[PDB]
Amino acid sequence: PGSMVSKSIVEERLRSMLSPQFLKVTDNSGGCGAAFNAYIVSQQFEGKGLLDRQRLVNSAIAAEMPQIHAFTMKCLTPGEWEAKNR
Ligand SMILES: [Mg+2]
């Protein structure tokens, strides 16, 4: 009720910027507001360390971040995803 950040907006922002091969967003919204966990497989993470990956994801949802209580993520390249056997 009255929240403008949703799992759908998060999904759309991530898809728009990161064009993932695989995305699983968990809606973890609760007492303190909107919150999500994002499992993201994207070629956009190739050539980047984990902090630089996190930066890229946060930059996708920069406009929404002040309205997000918590956001957690796991960022893999499609190569790493295949090597951890998905
Ligand atoms: Mg927050």
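Just the heavy atoms: all of them, side chains too, but no hydrogens, waters or symmetry mates, feed the values below. All residue numbers refer to positions in the sequence shown, counting from 1. Every number for a ligand or one of its atoms is a count from 1 in the order of the listing.
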| field | Whether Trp81 and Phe22 hold their rings parallel, tilted or perpendicular, with breakpoints at 30° and 60° | value | parallel
| With sequence neighbours excluded, residues passing side-chain contact (heavy atoms from CB on, under 4.5 Å) with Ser59 | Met17
| query | How far apart are the closest heavy atoms of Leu18 and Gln44, and which atoms are they? | reply | O-CG, 3.7 Å
| remark: For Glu12, the side-chain contact (heavy atoms from CB on, under 4.5 Å) test, sequence neighbours excluded, returns none
| said: Under the rule for side chain to side chain donor-acceptor pair (under 3.5 Å), what residues qualify as partners of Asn28, not counting sequence neighbours? | reply: none
| query | Counting no waters, how many protein N/O/S atoms sit under 2.8 Å from the Mg ion (ligand 1)? | reply | 2
| query | Looking only at heavy atoms, what is the nearest atom pair of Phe71 and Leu14, with distance? | reply | CZ-CD1, 4.5 Å
